[PDB]
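In the authors' numbering, the protein residues as written are 2 to 157, 169 to 292.
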């Protein structure tokens, strides 16, 4: 179902609506594109523009609040646009960070219309969209050099999300009505280089599963069982993948690992009966 040459500039992200019927591509050309996919067809609708620097990542909001797609660019700003009347418009612009923003994912509709922003400005922001338009932002420093990922943890307070460091550190953050904002929990060390990406699973089974990919060219699957329980570092393999590792994605169900390399190859992984990993 290829959509050959969607952009002019190299593409940095390919995400779909909750109903895999409409896509969203973003590139360096500072532009994002909306799509329609059927059997093998690709209808190109609008092309989102207002981004000064290369767009990095984008994320589809839950249909619960209509059609909304958020994008983050080098321009140190993340922007969201809705699709009222089949015509794409820019609803709000979030630019609190001072430097590139490399990741932006939406919170489980349960939580609400929340967006988690992680900038290379070393900080991270949490923003929910009220009514009138003016939101109440929440920012908290998260890493030394910077921040590269900010995946969320499923619903359960009890609001958690993992961060990937520019300083090689993976962290866990849980809300706190007494602290007024998300505070640190874990600080799982493991990578020798920078944490390129970290995604948290929705697999509600007995134990929690977290993925961490990095310039150190390895994935460390962080498995923990309960509050007490510490996270068990686990090398996806006791060798190095020839190139870096940029993305890690969790399948809806069946909990399978989508590990987008850098050697330009995508690999899939599963945890056999023991607790190790194998292809698919």
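Every residue gets a Cβ at the ideal spot worked out from N, C-alpha and C, and that includes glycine.
Contact check, residue i vs residue j, beta carbons under 8 Å
{"i": "residue 89", "j": "residue 35", "result": "yes"}
{"i": "residue 1", "j": "residue 235", "result": "Summary: the structure shown does not reach residue 1, with the chain confined to residues 2 through 292, and so no result is reported for it."}
{"i": "residue 145", "j": "residue 176", "result": "no"}
{"i": "residue 109", "j": "residue 156", "result": "yes"}
{"i": "residue 267", "j": "residue 230", "result": "no"}
{"i": "residue 57", "j": "residue 95", "result": "no"}
{"i": "residue 174", "j": "residue 121", "result": "no"}
{"i": "residue 196", "j": "residue 206", "result": "no"}
{"i": "residue 262", "j": "residue 213", "result": "yes"}
{"i": "residue 93", "j": "residue 81", "result": "yes"}
{"i": "residue 117", "j": "residue 153", "result": "yes"}
Whole-Å CB distance - residue i paired with residue j, under 8 Å assumed
{"i": "residue 104", "j": "residue 170", "result": "The Cβ separation is near 22 Å, so there is no contact."}
{"i": "residue 210", "j": "residue 260", "result": "7 Å"}
{"i": "residue 68", "j": "residue 50", "result": "Not a contact, Cβ separation roughly 18 Å."}
{"i": "residue 274", "j": "residue 257", "result": "6 Å"}
{"i": "residue 16", "j": "residue 5", "result": "With a Cβ gap of about 18 Å, residue 16 and residue 5 do not count as contacting."}
{"i": "residue 52", "j": "residue 74", "result": "4 Å"}
Length of the line joining the Cα atoms of residue i and residue j
{"i": "residue 194", "j": "residue 247", "result": "28 Å"}
{"i": "residue 46", "j": "residue 38", "result": "11 Å"}
{"i": "residue 137", "j": "residue 208", "result": "29 Å"}
{"i": "residue 226", "j": "residue 276", "result": "15 Å"}
{"i": "residue 41", "j": "residue 264", "result": "22 Å"}
{"i": "residue 132", "j": "residue 77", "result": "24 Å"}
{"i": "residue 9", "j": "residue 192", "result": "44 Å"}
For residue i, three-class secondary structure by DSSP
{"i": "residue 86", "result": "helix"}
{"i": "residue 65", "result": "helix"}
{"i": "residue 39", "result": "strand"}
{"i": "residue 290", "result": "strand"}
{"i": "residue 173", "result": "strand"}
{"i": "residue 285", "result": "coil"}
{"i": "residue 81", "result": "strand"}
{"i": "residue 13", "result": "strand"}
Just to confirm the assignment: which complete beta strand (DSSP E) runs, minimum length 3, are found wholly within the segment 179-215?
Listed in chain order, the complete beta strand (DSSP E) runs (minimum 3 residues) inside the segment 179-215 are 182-186, 209-212.
May I have a chain-ordered list of the beta strand (DSSP E) segments no shorter than 3 residues that lie completely inside the segment 90-124?
Within the segment 90-124, the complete beta strand (DSSP E) runs of at least 3 residues are 90-95, 102-107, 115-120.
Which whole runs of the beta strand (DSSP E) in the segment 208-264 are 3 residues long or more, in chain order?
Qualifying beta strand (DSSP E) stretches, in chain order: 209-212, 220-226, 234-236, 259-262.
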